[PDB]
Amino acid sequence: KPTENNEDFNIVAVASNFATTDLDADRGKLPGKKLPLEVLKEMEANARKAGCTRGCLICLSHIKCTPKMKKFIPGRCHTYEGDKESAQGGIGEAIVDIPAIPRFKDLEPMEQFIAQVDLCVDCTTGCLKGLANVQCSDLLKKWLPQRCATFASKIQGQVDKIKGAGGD
């Protein structure tokens with residue numbers, strides 16, 4: 001089992017967004033207590049098995065989010081967990097804009113999210129569908145008995161120190 005190190009991306013949310021089913025209804029709440037990697041390895045274990053790549057998920061997970069977007073679709077971007085800001089700049093603050101999509105910045109909120117998601121063309125057909133049909137893993141159900149499963153209703157909560165990333 002994993003202990004030393006682990007992945008460097010979030011599939012729980014990524015796969016959720018890809019899901020075609022009416023899971024969005026349960027997404028209205030989502031886990032507001034962060035999810036441990038223990039569940040990530042499980043969820044990703046299914047996607048990777050279908051034939052998924054790291055750069056793919058990482059691309060969808062490393063997607064940028066605008067301030068006006070969240071205003072319309074709050075709780076859809078920036079994953080479920082985050083904290084620890086950055087701030088500072090030296091010459092100017094940071095802005096969320098796509099070089100391949102100028103209008104995207106001044107485009108609808110829903111179109112914005114899809115704009116980036118579509119940009120990431122590093123995902124395979126089998127992986128794209130695998131993420132949506134990934135289904136809620138056993139662990140995911142135990143932690144998310146509300147949205148997933150229909151019996152579980154417990155929670156422990158693990159603490160640690162892990163973080164990174166942060167590009168342009």
# chains A, B, ... in the order shown; residues from 1 in each chain; ligands from 1
>>> residues_around(residues="residue 124 in chain A", least_positions_apart="5", cutoff="9 Å", atoms="only C-alpha atoms", output="PyMOL selection string")
chain A and resi 51-53+56+129
>>> residues_around(residues="residue 101 in chain A", least_positions_apart="3", cutoff="10 Å", atoms="only C-alpha atoms", output="count of residues only")
10
>>> atom_distance(atom1="CA of residue 24 in chain A", atom2="CA of residue 38 in chain A")
23.2 Å
>>> residues_around(residues="residue 142 in chain A", least_positions_apart="3", cutoff="9 Å", atoms="only C-alpha atoms", output="PyMOL selection string")
chain A and resi 137-139+145+148-149+151-155
>>> closest_residue(among="A:13, A:96, A:30, A:50", to="residue 128 in chain A", atoms="only C-alpha atoms")
A:50
>>> closest_residue(among="A:8, A:120, A:113, A:167", to="residue 69 in chain A", atoms="only C-alpha atoms")
A:113
>>> closest_residue(among="A:125, A:86, A:16, A:10", to="residue 59 in chain A", atoms="only C-alpha atoms")
A:10
>>> closest_residue(among="A:83, A:22, A:168, A:7", to="residue 99 in chain A", atoms="only C-alpha atoms")
A:168
>>> select_by_dssp(residues="chain A", states="helix (DSSP H, G or I)", output="short mmCIF file (atom, residue, chain, number, x, y, z; two decimals) with C-alpha atoms, in the first residue's frame")
data_model
loop_
_atom_site.label_atom_id
_atom_site.label_comp_id
_atom_site.auth_asym_id
_atom_site.auth_seq_id
_atom_site.Cartn_x
_atom_site.Cartn_y
_atom_site.Cartn_z
CA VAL A 12 -12.42 12.55 -7.42
CA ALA A 13 -13.65 15.92 -8.70
CA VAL A 14 -12.24 15.57 -12.21
CA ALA A 15 -14.15 12.34 -12.85
CA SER A 16 -17.23 13.86 -11.21
CA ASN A 17 -17.35 16.69 -13.75
CA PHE A 18 -16.91 14.17 -16.57
CA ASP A 24 -24.69 16.97 -10.36
CA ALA A 25 -27.72 16.96 -8.06
CA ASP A 26 -25.61 15.51 -5.25
CA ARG A 27 -22.73 17.82 -6.19
CA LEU A 37 -5.54 10.48 -0.91
CA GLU A 38 -6.68 7.06 0.30
CA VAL A 39 -9.88 7.63 -1.66
CA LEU A 40 -8.06 9.23 -4.59
CA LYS A 41 -5.91 6.18 -5.31
CA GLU A 42 -9.13 4.14 -5.34
CA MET A 43 -11.03 6.41 -7.73
CA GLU A 44 -8.02 6.88 -10.01
CA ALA A 45 -7.34 3.14 -9.83
CA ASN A 46 -10.46 2.67 -11.95
CA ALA A 47 -9.71 5.43 -14.46
CA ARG A 48 -6.07 4.43 -14.93
CA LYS A 49 -7.28 0.87 -15.52
CA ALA A 50 -9.50 2.07 -18.37
CA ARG A 54 -1.29 11.53 -15.87
CA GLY A 55 -0.98 14.61 -18.06
CA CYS A 56 -4.67 14.24 -18.90
CA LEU A 57 -6.20 14.36 -15.42
CA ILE A 58 -3.52 16.83 -14.33
CA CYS A 59 -4.64 19.09 -17.18
CA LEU A 60 -8.28 19.06 -16.06
CA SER A 61 -7.26 19.36 -12.41
CA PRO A 67 -13.57 35.27 -10.36
CA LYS A 68 -16.71 35.98 -12.39
CA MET A 69 -17.16 32.28 -13.15
CA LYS A 70 -17.46 31.15 -9.53
CA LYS A 71 -20.03 33.92 -9.09
CA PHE A 72 -22.33 32.01 -11.45
CA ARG A 103 -13.49 35.63 -25.87
CA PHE A 104 -13.55 32.92 -23.20
CA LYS A 105 -12.62 35.65 -20.71
CA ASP A 106 -15.70 37.64 -21.73
CA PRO A 109 -19.58 31.08 -17.19
CA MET A 110 -20.68 27.63 -18.35
CA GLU A 111 -18.86 28.08 -21.65
CA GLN A 112 -15.71 29.11 -19.78
CA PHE A 113 -15.48 25.86 -17.81
CA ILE A 114 -16.07 23.80 -20.96
CA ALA A 115 -13.59 25.97 -22.86
CA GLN A 116 -10.65 24.86 -20.73
CA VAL A 117 -11.88 21.28 -20.29
CA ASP A 118 -12.08 21.01 -24.08
CA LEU A 119 -8.66 22.60 -24.52
CA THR A 125 -11.38 8.29 -25.76
CA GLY A 126 -11.34 5.35 -23.36
CA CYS A 127 -10.13 7.58 -20.54
CA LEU A 128 -12.67 10.33 -21.20
CA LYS A 129 -15.54 7.86 -20.91
CA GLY A 130 -13.84 5.98 -18.09
CA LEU A 131 -13.83 9.13 -15.95
CA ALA A 132 -17.59 9.56 -16.31
CA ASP A 138 -16.11 1.70 -2.30
CA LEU A 139 -13.97 4.13 -0.31
CA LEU A 140 -15.61 7.15 -1.95
CA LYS A 141 -18.97 5.81 -0.78
CA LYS A 142 -17.77 5.36 2.80
CA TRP A 143 -16.53 8.96 2.89
#
>>> closest_residue(among="A:84, A:150, A:163, A:136", to="residue 21 in chain A", atoms="only C-alpha atoms")
A:136
>>> closest_residue(among="A:123, A:161, A:9, A:29", to="residue 75 in chain A", atoms="only C-alpha atoms")
A:29
>>> atom_distance(atom1="CA of residue 108 in chain A", atom2="CA of residue 74 in chain A")
14.0 Å
